[PDB]
$ cat protein.pdb   # PDB, C-alpha atoms and all ligand atoms
ATOM      1  CA  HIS W   1      12.320 -81.006  19.998
ATOM      2  CA  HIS W   2      14.591 -83.935  19.225
ATOM      3  CA  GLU W   3      16.636 -82.984  16.197
ATOM      4  CA  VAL W   4      19.598 -82.734  18.578
ATOM      5  CA  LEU W   5      19.397 -86.369  19.616
ATOM      6  CA  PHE W   6      19.713 -87.651  16.049
ATOM      7  CA  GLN W   7      22.453 -85.720  14.208
ATOM      8  CA  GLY W   8      25.851 -87.257  14.951
ATOM      9  CA  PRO W   9      27.550 -90.470  13.838
ATOM     10  CA  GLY W  10      25.605 -92.398  16.459
ATOM     11  CA  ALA W  11      22.298 -91.384  14.861
ATOM     12  CA  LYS W  12      21.572 -94.600  12.857
ATOM     13  CA  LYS W  13      21.709 -96.891  15.838
ATOM     14  CA  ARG W  14      20.010 -94.311  17.911
ATOM     15  CA  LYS W  15      17.103 -94.316  15.521
ATOM     16  CA  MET W  16      16.463 -98.029  14.919
ATOM     17  CA  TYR W  17      16.452 -98.529  18.703
ATOM     18  CA  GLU W  18      14.190 -95.514  19.588
ATOM     19  CA  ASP W  19      10.859 -96.682  18.036
ATOM     20  CA  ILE W  20      11.562 -99.939  19.906
ATOM     21  CA  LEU W  21      12.411 -98.305  23.255
ATOM     22  CA  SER W  22       9.237 -96.276  22.730
ATOM     23  CA  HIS W  23       7.190 -99.506  23.170
ATOM     24  CA  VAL W  24       9.012-101.063  26.127
ATOM     25  CA  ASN W  25       6.544 -99.780  28.589
ATOM     26  CA  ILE W  26       8.670 -98.819  31.534
ATOM     27  CA  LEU W  27      11.310 -97.051  29.463
ATOM     28  CA  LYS W  28       8.934 -95.511  26.939
ATOM     29  CA  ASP W  29       8.430 -93.144  29.899
ATOM     30  CA  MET W  30      12.078 -92.113  30.344
ATOM     31  CA  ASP W  31      12.590 -88.804  28.658
ATOM     32  CA  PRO W  32      14.325 -88.684  25.325
ATOM     33  CA  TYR W  33      17.873 -87.856  26.345
ATOM     34  CA  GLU W  34      17.918 -90.604  28.874
ATOM     35  CA  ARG W  35      16.390 -93.003  26.386
ATOM     36  CA  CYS W  36      18.815 -92.095  23.608
ATOM     37  CA  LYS W  37      21.702 -92.930  25.913
ATOM     38  CA  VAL W  38      20.189 -96.400  26.392
ATOM     39  CA  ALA W  39      19.867 -96.822  22.679
ATOM     40  CA  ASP W  40      23.517 -96.004  22.266
ATOM     41  CA  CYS W  41      24.674 -98.785  24.544
ATOM     42  CA  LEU W  42      22.355-101.625  23.562
ATOM     43  CA  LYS W  43      23.862-104.754  22.049
ATOM     44  CA  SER W  44      22.071-107.487  20.066
ATOM     45  CA  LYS W  45      22.052-111.215  20.294
ATOM     46  CA  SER W  46      19.802-114.095  19.259
ATOM     47  CA  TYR W  47      18.489-117.311  20.869
ATOM     48  CA  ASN W  48      17.321-120.475  19.157
ATOM     49  CA  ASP W  49      14.062-122.253  19.917
ATOM     50  CA  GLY W  50      14.471-124.014  23.239
ATOM     51  CA  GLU W  51      17.566-122.150  24.430
ATOM     52  CA  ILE W  52      17.862-120.977  28.017
ATOM     53  CA  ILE W  53      18.204-117.226  28.276
ATOM     54  CA  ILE W  54      18.301-117.050  32.033
ATOM     55  CA  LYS W  55      18.898-119.987  34.327
ATOM     56  CA  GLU W  56      17.318-119.813  37.750
ATOM     57  CA  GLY W  57      19.839-119.699  40.574
ATOM     58  CA  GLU W  58      22.710-118.249  38.525
ATOM     59  CA  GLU W  59      24.372-114.926  39.040
ATOM     60  CA  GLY W  60      22.958-112.459  36.596
ATOM     61  CA  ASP W  61      24.617-109.468  35.096
ATOM     62  CA  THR W  62      22.499-108.867  32.069
ATOM     63  CA  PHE W  63      19.313-106.901  31.468
ATOM     64  CA  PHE W  64      17.252-107.917  28.381
ATOM     65  CA  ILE W  65      14.662-106.516  26.041
ATOM     66  CA  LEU W  66      12.881-108.874  23.670
ATOM     67  CA  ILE W  67      12.477-107.322  20.263
ATOM     68  CA  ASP W  68      11.251-110.356  18.354
ATOM     69  CA  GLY W  69      10.143-113.862  19.196
ATOM     70  CA  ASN W  70       8.446-115.637  22.097
ATOM     71  CA  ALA W  71      10.051-116.552  25.388
ATOM     72  CA  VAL W  72       8.603-117.958  28.657
ATOM     73  CA  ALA W  73       9.515-117.575  32.351
ATOM     74  CA  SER W  74       9.029-120.372  34.791
ATOM     75  CA  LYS W  75       9.979-121.055  38.417
ATOM     76  CA  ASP W  76       9.899-124.549  39.978
ATOM     77  CA  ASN W  77       8.275-125.657  36.709
ATOM     78  CA  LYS W  78       5.338-123.245  36.958
ATOM     79  CA  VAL W  79       4.804-120.745  34.183
ATOM     80  CA  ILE W  80       4.896-117.294  35.719
ATOM     81  CA  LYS W  81       5.086-115.117  32.583
ATOM     82  CA  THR W  82       4.930-115.253  28.778
ATOM     83  CA  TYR W  83       7.025-112.767  26.825
ATOM     84  CA  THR W  84       6.687-111.249  23.392
ATOM     85  CA  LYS W  85       8.049-108.242  21.507
ATOM     86  CA  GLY W  86       8.505-105.150  23.722
ATOM     87  CA  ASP W  87       8.892-107.019  27.016
ATOM     88  CA  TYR W  88      11.918-106.666  29.298
ATOM     89  CA  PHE W  89      13.258-109.091  31.863
ATOM     90  CA  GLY W  90      16.324-109.925  33.929
ATOM     91  CA  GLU W  91      16.242-106.681  35.883
ATOM     92  CA  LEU W  92      15.586-108.039  39.383
ATOM     93  CA  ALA W  93      19.036-109.650  39.865
ATOM     94  CA  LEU W  94      20.645-106.341  38.813
ATOM     95  CA  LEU W  95      18.486-104.336  41.222
ATOM     96  CA  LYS W  96      18.787-106.675  44.231
ATOM     97  CA  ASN W  97      22.210-108.229  43.691
ATOM     98  CA  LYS W  98      20.868-111.713  44.234
ATOM     99  CA  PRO W  99      20.888-114.748  41.888
ATOM    100  CA  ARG W 100      18.357-115.165  39.072
ATOM    101  CA  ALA W 101      14.989-115.955  40.646
ATOM    102  CA  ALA W 102      13.512-117.704  37.608
ATOM    103  CA  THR W 103      14.264-119.427  34.313
ATOM    104  CA  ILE W 104      13.498-117.906  30.919
ATOM    105  CA  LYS W 105      13.560-120.053  27.747
ATOM    106  CA  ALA W 106      13.142-119.050  24.109
ATOM    107  CA  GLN W 107      10.166-120.712  22.430
ATOM    108  CA  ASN W 108      11.147-119.842  18.843
ATOM    109  CA  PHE W 109      13.825-117.686  17.244
ATOM    110  CA  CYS W 110      14.190-114.732  19.526
ATOM    111  CA  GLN W 111      16.157-111.531  19.023
ATOM    112  CA  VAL W 112      17.042-109.406  22.034
ATOM    113  CA  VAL W 113      18.858-106.263  22.954
ATOM    114  CA  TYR W 114      20.623-106.020  26.294
ATOM    115  CA  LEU W 115      22.697-104.075  28.790
ATOM    116  CA  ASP W 116      25.356-105.346  31.217
ATOM    117  CA  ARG W 117      25.297-104.415  34.913
ATOM    118  CA  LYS W 118      27.586-101.400  34.640
ATOM    119  CA  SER W 119      25.575-100.031  31.732
ATOM    120  CA  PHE W 120      22.232-100.911  33.440
ATOM    121  CA  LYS W 121      23.385 -99.155  36.743
ATOM    122  CA  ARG W 122      24.638 -96.192  34.886
ATOM    123  CA  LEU W 123      21.870 -95.656  32.413
ATOM    124  CA  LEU W 124      18.896 -97.000  34.244
ATOM    125  CA  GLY W 125      19.633 -95.543  37.679
ATOM    126  CA  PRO W 126      16.982 -92.855  37.218
ATOM    127  CA  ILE W 127      14.237 -95.449  37.152
ATOM    128  CA  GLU W 128      15.248 -98.242  39.479
ATOM    129  CA  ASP W 129      12.374 -97.340  41.749
ATOM    130  CA  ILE W 130       9.674 -97.540  39.075
ATOM    131  CA  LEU W 131      11.112-100.844  37.880
ATOM    132  CA  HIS W 132      11.148-101.989  41.470
ATOM    133  CA  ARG W 133       7.424-101.478  42.014
ATOM    134  CA  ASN W 134       6.517-103.961  39.217
ATOM    135  CA  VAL W 135       8.031-106.406  41.552
ATOM    136  CA  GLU W 136       4.911-106.130  43.674
ATOM    137  CA  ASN W 137       3.130-107.541  40.688
ATOM    138  CA  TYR W 138       5.698-110.341  40.696
ATOM    139  CA  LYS W 139       4.625-111.161  44.274
ATOM    140  CA  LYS W 140       1.097-111.676  43.321
ATOM    141  CA  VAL W 141       2.027-114.271  40.764
ATOM    142  CA  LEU W 142       4.455-116.016  43.159
ATOM    143  CA  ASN W 143       1.623-116.037  45.663
ATOM    144  CA  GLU W 144      -1.028-116.895  43.070
ATOM    145  CA  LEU W 145       0.910-120.120  42.524
ATOM    146  CA  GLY W 146       2.201-120.940  45.968
ATOM    147  CA  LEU W 147       5.928-120.440  45.108
ATOM    148  CA  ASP W 148       8.765-119.091  47.230
ATOM    149  CA  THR W 149       8.925-115.293  47.556
ATOM    150  CA  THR W 150      12.124-114.884  49.596
ATOM    151  CA  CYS W 151      13.950-114.139  46.358
ATOM    152  CA  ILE W 152      12.130-110.791  46.287
ATOM    153  CA  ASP W 153      11.929-109.959  49.964
TER     154      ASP W 153
HETATM  155  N1  LIG W 201       6.643-113.588  38.765
HETATM  156  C1  LIG W 201       8.034-113.295  38.717
HETATM  157  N2  LIG W 201       8.813-113.257  39.827
HETATM  158  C2  LIG W 201      10.159-112.979  39.719
HETATM  159 CL1  LIG W 201      11.131-112.937  41.179
HETATM  160  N3  LIG W 201      10.745-112.712  38.505
HETATM  161  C3  LIG W 201      10.038-112.730  37.378
HETATM  162  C4  LIG W 201       8.669-113.034  37.479
HETATM  163  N4  LIG W 201       8.179-112.974  36.123
HETATM  164  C5  LIG W 201       9.252-112.670  35.351
HETATM  165  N5  LIG W 201      10.231-112.554  36.117
HETATM  166  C6  LIG W 201      11.407-112.223  35.487
HETATM  167  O1  LIG W 201      12.335-113.468  35.249
HETATM  168  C7  LIG W 201      13.693-112.899  35.584
HETATM  169  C8  LIG W 201      14.578-113.950  36.038
HETATM  170  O2  LIG W 201      16.007-113.247  36.224
HETATM  171  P1  LIG W 201      15.715-111.844  37.243
HETATM  172  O3  LIG W 201      16.962-111.061  37.457
HETATM  173  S1  LIG W 201      15.272-112.556  39.145
HETATM  174  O4  LIG W 201      14.524-111.010  36.687
HETATM  175  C9  LIG W 201      13.438-111.856  36.560
HETATM  176  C10 LIG W 201      12.219-111.178  36.118
HETATM  177  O5  LIG W 201      12.486-110.165  35.118
END
$ encode --input "protein.pdb" --output "structure tokens"
Amino acid sequence: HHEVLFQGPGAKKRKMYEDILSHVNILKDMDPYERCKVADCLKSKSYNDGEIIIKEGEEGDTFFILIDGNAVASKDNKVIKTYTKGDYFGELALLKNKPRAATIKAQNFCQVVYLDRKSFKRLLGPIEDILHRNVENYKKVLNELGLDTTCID
């Protein structure tokens, strides 16, 4: 039972965040304690229509979850993924310690929650492997479209 995870001061933030984390597919699968710790450390920010969230080729230190809005990822001007509420992105640079492999732009008013590298390494350590084999699905799209894949391998 979870009464223990929602009793203290931190409980308000813990609770708005938990329904949300419950629909981010790869972390909906973390168990509750681990997921409550993520909720504790999330921060919020917003992007306007047209703003760049991630610029391809830059160093990246931030992991994102989209909680509202529409954003789109492209690489060498090819659309490789559309994002909506519940999606996460920006993990690959944190896992591989390489520059951002793609650009992500807001397509309307977007609200996100995020973790920095130290928080991502600390809290999401238990699942770096599961996150990592999602990357194979990234290869397919890179290949589907004839784009460079050395950013992954
Ligand atoms: N087909 C895809 N290939 C790749 Cl390498 N990254 C993809 C793909 N689709 C989305 N992304 C995401 O765009 C982000 C760009 O900053 P990262 O740290 S490299 O993380 C990246 C991924 O989360």
$ residues_near_ligand --input "protein.pdb" --ligand "ligand LIG 201 (chain W)" --cutoff "10 Å" --atoms "all atoms listed in the file" --output "PDB file with C-alpha atoms, in the coordinates of the input"
ATOM      1  CA  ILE W  53      18.204-117.226  28.276  1.00  0.00           C
ATOM      2  CA  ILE W  54      18.301-117.050  32.033  1.00  0.00           C
ATOM      3  CA  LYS W  55      18.898-119.987  34.327  1.00  0.00           C
ATOM      4  CA  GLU W  56      17.318-119.813  37.750  1.00  0.00           C
ATOM      5  CA  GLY W  57      19.839-119.699  40.574  1.00  0.00           C
ATOM      6  CA  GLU W  58      22.710-118.249  38.525  1.00  0.00           C
ATOM      7  CA  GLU W  59      24.372-114.926  39.040  1.00  0.00           C
ATOM      8  CA  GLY W  60      22.958-112.459  36.596  1.00  0.00           C
ATOM      9  CA  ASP W  61      24.617-109.468  35.096  1.00  0.00           C
ATOM     10  CA  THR W  62      22.499-108.867  32.069  1.00  0.00           C
ATOM     11  CA  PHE W  63      19.313-106.901  31.468  1.00  0.00           C
ATOM     12  CA  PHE W  64      17.252-107.917  28.381  1.00  0.00           C
ATOM     13  CA  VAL W  72       8.603-117.958  28.657  1.00  0.00           C
ATOM     14  CA  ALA W  73       9.515-117.575  32.351  1.00  0.00           C
ATOM     15  CA  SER W  74       9.029-120.372  34.791  1.00  0.00           C
ATOM     16  CA  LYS W  75       9.979-121.055  38.417  1.00  0.00           C
ATOM     17  CA  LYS W  78       5.338-123.245  36.958  1.00  0.00           C
ATOM     18  CA  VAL W  79       4.804-120.745  34.183  1.00  0.00           C
ATOM     19  CA  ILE W  80       4.896-117.294  35.719  1.00  0.00           C
ATOM     20  CA  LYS W  81       5.086-115.117  32.583  1.00  0.00           C
ATOM     21  CA  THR W  82       4.930-115.253  28.778  1.00  0.00           C
ATOM     22  CA  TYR W  83       7.025-112.767  26.825  1.00  0.00           C
ATOM     23  CA  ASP W  87       8.892-107.019  27.016  1.00  0.00           C
ATOM     24  CA  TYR W  88      11.918-106.666  29.298  1.00  0.00           C
ATOM     25  CA  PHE W  89      13.258-109.091  31.863  1.00  0.00           C
ATOM     26  CA  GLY W  90      16.324-109.925  33.929  1.00  0.00           C
ATOM     27  CA  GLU W  91      16.242-106.681  35.883  1.00  0.00           C
ATOM     28  CA  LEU W  92      15.586-108.039  39.383  1.00  0.00           C
ATOM     29  CA  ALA W  93      19.036-109.650  39.865  1.00  0.00           C
ATOM     30  CA  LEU W  94      20.645-106.341  38.813  1.00  0.00           C
ATOM     31  CA  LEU W  95      18.486-104.336  41.222  1.00  0.00           C
ATOM     32  CA  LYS W  96      18.787-106.675  44.231  1.00  0.00           C
ATOM     33  CA  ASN W  97      22.210-108.229  43.691  1.00  0.00           C
ATOM     34  CA  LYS W  98      20.868-111.713  44.234  1.00  0.00           C
ATOM     35  CA  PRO W  99      20.888-114.748  41.888  1.00  0.00           C
ATOM     36  CA  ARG W 100      18.357-115.165  39.072  1.00  0.00           C
ATOM     37  CA  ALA W 101      14.989-115.955  40.646  1.00  0.00           C
ATOM     38  CA  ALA W 102      13.512-117.704  37.608  1.00  0.00           C
ATOM     39  CA  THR W 103      14.264-119.427  34.313  1.00  0.00           C
ATOM     40  CA  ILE W 104      13.498-117.906  30.919  1.00  0.00           C
ATOM     41  CA  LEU W 131      11.112-100.844  37.880  1.00  0.00           C
ATOM     42  CA  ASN W 134       6.517-103.961  39.217  1.00  0.00           C
ATOM     43  CA  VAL W 135       8.031-106.406  41.552  1.00  0.00           C
ATOM     44  CA  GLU W 136       4.911-106.130  43.674  1.00  0.00           C
ATOM     45  CA  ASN W 137       3.130-107.541  40.688  1.00  0.00           C
ATOM     46  CA  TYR W 138       5.698-110.341  40.696  1.00  0.00           C
ATOM     47  CA  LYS W 139       4.625-111.161  44.274  1.00  0.00           C
ATOM     48  CA  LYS W 140       1.097-111.676  43.321  1.00  0.00           C
ATOM     49  CA  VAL W 141       2.027-114.271  40.764  1.00  0.00           C
ATOM     50  CA  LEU W 142       4.455-116.016  43.159  1.00  0.00           C
ATOM     51  CA  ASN W 143       1.623-116.037  45.663  1.00  0.00           C
ATOM     52  CA  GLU W 144      -1.028-116.895  43.070  1.00  0.00           C
ATOM     53  CA  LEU W 145       0.910-120.120  42.524  1.00  0.00           C
ATOM     54  CA  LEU W 147       5.928-120.440  45.108  1.00  0.00           C
ATOM     55  CA  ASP W 148       8.765-119.091  47.230  1.00  0.00           C
ATOM     56  CA  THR W 149       8.925-115.293  47.556  1.00  0.00           C
ATOM     57  CA  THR W 150      12.124-114.884  49.596  1.00  0.00           C
ATOM     58  CA  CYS W 151      13.950-114.139  46.358  1.00  0.00           C
ATOM     59  CA  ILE W 152      12.130-110.791  46.287  1.00  0.00           C
ATOM     60  CA  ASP W 153      11.929-109.959  49.964  1.00  0.00           C
TER      61      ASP W 153
END
$ closest_residue --input "protein.pdb" --among "W:4, W:52, W:16, W:127" --to "residue 113 (chain W)" --atoms "only C-alpha atoms"
W:16
$ atom_distance --input "protein.pdb" --atom1 "CA of residue 39 (chain W)" --atom2 "CA of residue 25 (chain W)"
14.9 Å
$ residues_near_point --input "protein.pdb" --point "(7.9, -96.9, 27.1)" --cutoff "12 Å" --atoms "all atoms listed in the file" --output "list in words"
residues 18, 19, 20, 21, 22, 23, 24, 25, 26, 27, 28, 29, 30, 31, 32, 34, 35, 65, 86, 87, 88, 127 and 131 of chain W
$ atom_distance --input "protein.pdb" --atom1 "CA of residue 109 (chain W)" --atom2 "CA of residue 43 (chain W)"
17.1 Å
$ residues_around --input "protein.pdb" --residues "residue 37 (chain W)" --least-positions-apart "6" --cutoff "12 Å" --atoms "only C-alpha atoms" --output "PyMOL selection string"
chain W and resi 5-6+10-11+13-15+17-18+21+27+30-31+115+119-120+122-124
$ atom_distance --input "protein.pdb" --atom1 "CA of residue 12 (chain W)" --atom2 "CA of residue 114 (chain W)"
17.7 Å
$ closest_residue --input "protein.pdb" --among "W:105, W:76, W:110, W:8" --to "residue 40 (chain W)" --atoms "only C-alpha atoms"
W:8
$ closest_residue --input "protein.pdb" --among "W:66, W:71, W:38, W:112" --to "residue 126 (chain W)" --atoms "only C-alpha atoms"
W:38
$ residues_around --input "protein.pdb" --residues "residue 106 (chain W)" --least-positions-apart "2" --cutoff "6 Å" --atoms "all atoms listed in the file" --output "list in words"
residues 49, 50, 51, 71 and 108 of chain W
